[PDB]
Structure formats: structure tokens, C-alpha cells
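# Inside the fold
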There are 2 protein chains.
Amino acid sequence: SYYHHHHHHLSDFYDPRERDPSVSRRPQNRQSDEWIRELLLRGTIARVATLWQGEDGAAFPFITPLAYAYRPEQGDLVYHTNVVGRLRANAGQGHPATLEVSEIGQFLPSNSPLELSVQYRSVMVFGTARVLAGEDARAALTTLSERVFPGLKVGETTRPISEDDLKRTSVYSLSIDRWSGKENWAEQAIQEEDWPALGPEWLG
Amino acid sequence: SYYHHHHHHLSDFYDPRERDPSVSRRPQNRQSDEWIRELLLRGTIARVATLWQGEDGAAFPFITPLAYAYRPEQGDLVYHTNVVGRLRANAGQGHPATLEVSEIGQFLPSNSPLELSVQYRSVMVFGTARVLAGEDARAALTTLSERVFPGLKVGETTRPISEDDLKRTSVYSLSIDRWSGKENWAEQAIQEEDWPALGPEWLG
């Protein structure tokens, strides 16, 4: 800044900047629905949070990382896991679930301490998960497997999915209600001009 | 298997295997407390789930990926995020939180469809998160920053953390109650001998 410079020799928000008019103007790092679709289609690992009744009776979340696949026409995501708690905290044959998918990039150094950050893209999906049975479960597992092992074909590359396989596996469909997407994927963190710049080891 | 082989020319759980006597005998992929400590000390990204009151009044979880640091002596993990919902679903000045840290390896192909899997290590930490203030918040942010940017020193590499910085940042301490660790990090998925083996493209 001028003031600091002049003091040594003895607001940025309103001053000129460059703007690409095609960049998202959404506040709070939020992204479009199409962006969210695309991120979900290209990911292969998610974390799912569901609520379990704890010792004090209060609901609390688990977080389980797992393979998943987004099935856009059906409006769901599929996954399998045999992780459970004691009782689920909710009524009914399905349960509310939150699913998160992210792409984590690099840590971005700065000479301004609260500008230190990590590149990210993250989606939260809110909906209702239900366990699948029979052919619904077989088809979901097949889509998942063939999605995350591209080129693998169930019944050719692998033996077919048997009735025993199904009996021993909890396979879910998370039917989507709402979703929320965020990105902050700068090439460089914001720096503070009036403090010594980062040395070459940090950005080079 | 013999039976399949003999039929072509016309239980494994109890038959011989090799066992390294130093391998964990814990069921359900569970790991020791020391293993959990070590994984938490070496990670830098976590996902945190906290509960918010939704439209229907029921608590539901968010999942936010963020940088973190484990402070073993204090018995907490620290992180910062300005993500919120409307009202938290709980009473008091802190809130229950679940934090997950994982290491995700490779997808492991198999000719047995329910042996398809991903290498993983995952910890869930259960405790209570509280927002920090003043010097407590400054020290937590400094530990975090210096942990995830090794060699960076707050106040040398960066300008010091100011009172304005603190006012604009929600900095948390998750005080640990309990934790749970799992690993399944095989070099190869289990295969089915009685189906054609995977071609060289899969494991080579």
C-alpha cells in the first residue's frame, strides 16, 4: 500500500481489479446445479453421515468413507456398507442421510495468516437412504462396481452377484432431496503486500 | 477348488493359511489407540459433522472438509470454519461433533464382485466442539497453520494474527471423548479361484 510504503521511506475492496465476466457471481463460494451434477458424476469416494441413538439418548452422526455412484435419472446415489450403530435415530423404513463428495487440491501458502487455505470443491447432498433388495440391489451394486472399475463387467470380468452375496451386503439408495456445492480453487492465496513476501521456496 | 476342477475335467475358512503372529487380531478391521493417534498426527484434512435443526424440526448433519491439527496433550483437535446452518440442534455453549480422518488408497480389482474394494484407513472421533476466543484462538490457529504448512512460522513467514482476524474467524476446539479406528489396506483383493482370473491389465 501507499501508506505503508510512504511511512517506510519517511480500501482494496473498492479499488481497481480485473473480472472475467463469465465467472460465477454467486456469493459464499456457491456453485450451479450443473456444476454439482458434474462433480458427482466424476467422483468415486464419498462420506456418508447418518444418525444413531447414543448413550444419552441424543442422536449423533457417524461419518463413513465409501465408494459411490450417482444415478442421475433415478435421482439417487448408491453405495454399500455394513457399518451400523445400535438404533438409528429416526422413524420409518428409510433414514435421512447426508453425503459429501469433494476434490481436495493443494494447500495455498500466504504471508497473511488467515489467507492460508486449501483448494477445494465440495458438495453436500441431503436425502433419504433406503436399503435395496433383490434385483434392485444387484443392479445398484453392478452400476457402482462398473463405475468405479471402468472396463470391469459384472458376470464377465467377475462371477455374477449371487443371492448369498446380496444376503450378506447392505446396499443403499440415497434419494436426493436437495444439494449444496462450493468451490474455492484459486491458483494462489491472497497475500499481504505490506509484509515481506513469501520466499521462493513457497510458491516456486 | 478341487470340486470345480474335477467337474471341469469330467471350506476355505477352516483350511490352511499363513498368519504373521504380529498382525492385529481385533475383529471388524478395528485398530489400536496408538494406531489412531498416529493416523491423526499425520493427517491434515478432516471432515466434521455437526447437527443443525432442519425445516421439519429434526436434527440433520452437515459434513465440511477442512484442515485440522491434533493436539494430543490438550486432548483436542482444532480447526476453523465459518459454515453454519440456522440453529444448532443442541443445548449449551459447545456442541457435539464427529470428526473423520482417512487415508484412501487404491481400488482393488477382483473377479469376485463383492470383494471389489478400496484400501482405507479411517478414524471417527466423537466429542464436544467449542468456539475459542482471544489468545486461545490465536494459539490454536497458529498450531494449525504451522502443522499444515511445515516450516511456516506465524509472525515471521506471515504477519501476526490480529484482533480483526480473530473477530472474523470461527475457531474451534473439539475435545475428544471417544474414538474408533479401522483399516483395510490389503495389497490385493480376495479373488475367486473358480472363475477366470483377472487379466493382466487389472493387477499388472
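Definitions and limits used
- Residues numbered from 1 in each chain as written, not as in the entry; some residues may be left out.
- Chains lettered and ligands numbered in written order.
- Heavy atoms only, no water.
- Helix = DSSP H or I, 4+ residues; strand = E, 2+ residues; numbered from the N terminus.
- Rg over C-alpha atoms; globule rule 2.2 N^0.38 Å.
- Least-squares fit on C-alpha atoms.
- Contact = heavy atoms within 4.5 Å.
- Pairing = 2+ DSSP bridges.
- Axes fitted to C-alpha atoms, helices over the stretch in contact; angles between N-to-C directions.
- Expected span 1.5 Å × (residues − 1).
- Buried < 20%, exposed > 50% of the residue type's maximum accessible area, 1.4 Å probe, protein only.
- Buried area = accessible area lost by both parts, 1.4 Å probe.
- Salt bridge = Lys/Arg side-chain N within 4 Å of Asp/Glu carboxyl O.
- Polar contact = N/O pair within 3.5 Å; in protein donor to acceptor, adjacent residues only side chain to side chain.
- Nonpolar A, V, L, I, M, F, W, Y, C, P; charged D, E, K, R; others polar.
- Core = buried A, V, L, I, M, F, W, Y, C linked by side-chain atoms within 4.5 Å.
- UniProt positions renumbered as here; feature names shortened; annotations may be inferred.

We now examine the overall build of chain A. Of regular secondary structure, chain A possesses 5 helices and 7 strands. Counted from the first residue to the last, chain A has its helices and strands arranged as α-α-β-β-β-β-β-β-α-α-β-α. Relative to the 2.2 N^0.38 estimate, which gives 17 Å for 204 residues, the radius of gyration of chain A is 23 Å and therefore markedly larger than a compact globule would have. Taking the principal axes of the C-alpha coordinates as reference, chain A spans close to 80 × 50 × 35 Å.

Here we take up the relation of the copies chain B and chain A. Relating one copy of the chain to the other takes a rotation about an axis and a shift parallel to that axis. Once chain B is rotated about the relating axis by 180° and shifted along it by 0.0 Å, it coincides with chain A to within an RMSD of 0.0 Å. Such values leave the two copies arranged in the relation of a two-fold axis. Most of the interface of chain B is mirrored in chain A, where 100% of its interface residues again form contacts.

For the rest of this paragraph, the subject is the sheet that holds strand β1 (residues 45–53) of chain A. All names here are of chain A. The 7 strands are arranged β2-β1-β5-β6-β7-β4-β3 in an open sheet whose pairing can be described as antiparallel. With partners counted over all chains shown, the strands left at the sheet margins are β2 (59–67) and β3 (69–71), one partner each. Here the strands of the sheet are splayed against their neighbours by 35° on average, with no regard to which way each runs. The sheet contact formed by strand β6 (residues 117–131) and strand β7 (residues 171–184) spans 12 bridges and is antiparallel. Paired with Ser-122 across the strands is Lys-182, a residue of β7.

Under the 1.5 Å per step criterion, the end-to-end length of helix α3 (residues 134–148) of chain A is 21 Å for 15 residues, consistent within 8% with the ideal 21 Å. When we look at burial in α3 of chain A, the residues that qualify are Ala-137, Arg-138, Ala-140, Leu-141, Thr-142, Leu-144, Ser-145 and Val-148 of chain A. As for α3 of chain A, its buried residues are in contact with β2, β3, β4 (76–80), α4 (163–167) and β7 of chain A together with β5 (94–108) of chain B.

Now for the interface of chain B and chain A. Contact residues are listed per partner, giving 57 residues for chain B and 57 residues for chain A. For the pair chain B and chain A, the summed buried area comes to about 4500 Å², and 74% of that belongs to carbon and sulfur atoms. Counting across the interface, chain B meets chain A through 2 salt bridges. When the shortest N-O distance is used, the salt bridge between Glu-100 of chain B and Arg-47 of chain A registers 3.1 Å. Counting across the chain B and chain A interface gives 10 residue pairs in polar contact. At the level of elements, β1 (45–53), β2 (59–67), β5, β6 (117–131), α3 (134–148) and β7 (171–184) of chain B are the ones that each hand at least two residues to the side of chain B that touches chain A. When residues of the side of chain B that touches chain A are assigned to their parent elements, the largest contribution, 8 residues, is made by β2 of chain B. Of the residues belonging to the side of chain B that touches chain A, the class tally is 34 nonpolar, 15 polar and 8 charged.

It is worth spelling out the sheet that holds β5 of chain B at this point. Residues and elements named next belong to chain B. The 7 strands are arranged β2-β1-β5-β6-β7-β4-β3 in an open sheet whose pairing can be described as antiparallel. Since the sheet does not close on itself, it has two edges, and those belong to β2 and β3 (69–71), each with one partner. Across the sheet, the axes of successive neighbouring strands diverge by a mean angle of 35°, strand direction being ignored. As defined by bridge partners, β5 adjoins β6 across 13 bridges and the pair is classed as antiparallel. What sits directly across from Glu-100, in β6, is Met-124.

So, on to the nonpolar core. Residues and elements named next belong to chain B. Core analysis: the largest hydrophobic core is formed by 20 residues, its most contacted members being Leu-40, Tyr-68, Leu-77, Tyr-79, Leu-99, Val-125 and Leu-174. For this core, the elements supplying multiple residues, two or more each, are α2 (33–42), β1, β4 (76–80), β5, β6 and β7. For this core, the element with the highest residue contribution is α2, accounting for 4 residues. When sequence neighbours within four positions are dropped, the list of residues in contact with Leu-174 reads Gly-75, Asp-76, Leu-77, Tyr-79, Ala-97, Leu-99, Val-125, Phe-126, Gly-127, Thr-128 and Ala-129.

Attention now goes to the environment of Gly-92 of chain A. Within the secondary structure, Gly-92 of chain A sits in the loop between β4 and β5 (94–108). Each C-alpha atom of the pair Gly-92 of chain A and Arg-159 of chain A lies 35 Å from the other, and the pair is 67 residues apart in sequence.

All names here are of chain A. Of all the 9 residues making up β2, 8 are buried; the element is thus mostly covered by neighbouring parts of the structure. By the bridge criterion, 9 bridges tie β1 to β2 in an arrangement that is antiparallel. The residue bridging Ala-46 from the neighbouring strand is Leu-66, located in β2. Taking the residues between adjacent antiparallel strands as the criterion, β1 and β2 are bridged by 5 residues, where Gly-57 takes a positive phi near 90°.

This part covers the UniProt feature "binding site: (R)-lactate" (unreviewed entry) in chain A. The UniProt entry lists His-80 and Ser-145 of chain A under the feature "binding site: (R)-lactate" (unreviewed entry), expressed in the numbering used here. Judged by maximum C-alpha separation, these annotated positions cover 66 residues in sequence but sit close together in space, the widest gap being only 10.6 Å. Inspection of the secondary structure assignment puts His-80 of chain A in strand β4. Residue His-80 of chain A is classed as partly exposed on the basis of its relative accessible area, which comes to 28%. Relative to the elements of secondary structure, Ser-145 of chain A occurs in helix α3. In this structure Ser-145 of chain A comes out as buried when scored by relative accessible area, which is 9%. Residues within four places of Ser-145 of chain A in sequence aside, it is in contact with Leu-152 and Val-154 of chain A together with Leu-116 of chain B.

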